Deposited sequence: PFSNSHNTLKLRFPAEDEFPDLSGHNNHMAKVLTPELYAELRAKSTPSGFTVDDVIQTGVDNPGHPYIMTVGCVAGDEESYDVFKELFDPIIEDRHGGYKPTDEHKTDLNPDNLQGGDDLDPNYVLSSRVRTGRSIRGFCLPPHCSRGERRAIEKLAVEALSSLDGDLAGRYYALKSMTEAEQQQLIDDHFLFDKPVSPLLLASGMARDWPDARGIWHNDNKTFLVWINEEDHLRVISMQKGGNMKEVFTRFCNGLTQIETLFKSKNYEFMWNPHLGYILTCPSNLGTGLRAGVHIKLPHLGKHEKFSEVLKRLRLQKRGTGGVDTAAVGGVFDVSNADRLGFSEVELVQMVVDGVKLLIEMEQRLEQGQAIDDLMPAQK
């Protein structure tokens, strides 16, 4: 009797006895979950059996970081976001700068709407990349998917990828049958992924059956990479050496649309809706689930008192020093793919202009931008 006979058991206990102790937690979920909201949601379940305890588990197990906030919850299927919207909506509002339950998201994967980006100064921009994720409708997300679902996804993904030609022809590598020699090459290229080490991922149950049905695919030119069944059904990355962000984004769009077209011919669709855009496992990657970035050398303003305020105004974020930073868009939901990449292209050349002032010895006052 395939039945959530336990959720019914848990219901034999008063809500307060099952309520998690979140006293020292620093994540979006703990900030929103009240004993009242919990009692209201603990009886619900999505069509696939996903519950509120499943949504919040990773947030209960991981207190988080004293200064860095993490989301603390995951979706297990497309319906999760609707069935538990009373928990997800306020979290989405806080995590995505006021994005409200009534706002709409616009998708735009037309590379011709991107203004410049084909000439970022290579003397400062070492590399460029664009990555995103996708979920196939009808299948549960990684925290919840069964072995059958995972394998169906891999078969579907592999036959579509094997159909790509020309600039996008490549090969697939199943994790379980990968050789040491192949693994070495993948590591040297920075294309490899292994069983997650992050307890945030582990605590959600997404690592079950490792490495069954997990795989890596990339084209012969090594400019297009796809991960299958790791954190999301699909993770797609487009990159190359240099500052030609436009070519990277065009390949990204071209590769995405072809894969989507092949899936549609077989009657499969990516999880998507007008309000949250593309649906993925972690609420922080909703909308476009896109991260467009560059490895840029900014030794001078990297030490400036204003760098922090400039990034904020341009809507960029950093991470990685030796003067080399990883700069990418900070937004995910509420802007289209084109707009996000556009903000990285315009924001980067301004960033370069400010670095060239400091090289000379001139101040960077007249170059400060207005909050975008």
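Sequence ranges absent from the coordinates, based on the deposited chain and numbered from 1: Gaps in the modelled chain, taken against the deposited sequence, amount to a single one at 321-328.
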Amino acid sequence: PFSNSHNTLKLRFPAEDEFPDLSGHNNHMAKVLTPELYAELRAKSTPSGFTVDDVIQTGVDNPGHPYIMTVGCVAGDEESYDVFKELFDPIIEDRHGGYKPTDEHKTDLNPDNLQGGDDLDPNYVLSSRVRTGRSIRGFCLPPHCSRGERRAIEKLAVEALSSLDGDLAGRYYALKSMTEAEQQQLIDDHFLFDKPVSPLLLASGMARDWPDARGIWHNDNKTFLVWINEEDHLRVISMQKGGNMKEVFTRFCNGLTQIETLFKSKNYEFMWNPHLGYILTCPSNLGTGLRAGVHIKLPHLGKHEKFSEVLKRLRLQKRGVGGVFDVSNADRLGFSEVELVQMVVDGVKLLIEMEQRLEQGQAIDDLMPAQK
From here on, numbers count along this sequence of modelled residues.
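Stretch with the greater mean C-alpha B-factor as recorded in the entry, comparing 96-104 against 198-206: For C-alpha atoms only, the mean B-factor is higher in 96-104.
Of 43-51 and 303-311, the stretch whose C-alpha atoms average the higher B-factor in the entry: The deposited B-factors put 303-311 ahead on the C-alpha mean.
Top Cα B factor in the deposited entry, candidates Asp331, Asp326, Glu36, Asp61: Result of the comparison over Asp331, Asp326, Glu36, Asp61: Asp326.
Residue selected from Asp77, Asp165, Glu269, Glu180 by maximal Cα B factor: Answer for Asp77, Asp165, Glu269, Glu180: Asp165, with the highest C-alpha B-factor.
Ranked against its chain, the third holding the CA B-factor of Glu260: Lowest third of the chain for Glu260's C-alpha B-factor.
CA B-factor placement of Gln115, once the chain's modelled residues are sorted into thirds: Highest third.
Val341 by Cα B-factor - lowest, middle or highest third of the modelled chain: Ranked within chain, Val341 CA B lands in the middle tercile.
Chain-wide C-alpha B factor ranking for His295, given as lowest, middle or highest third: Within its chain, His295 is a highest-third residue by C-alpha B-factor, going by the deposited values.
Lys85 by Cα B-factor - lowest, middle or highest third of the modelled chain: Middle third by C-alpha B-factor.
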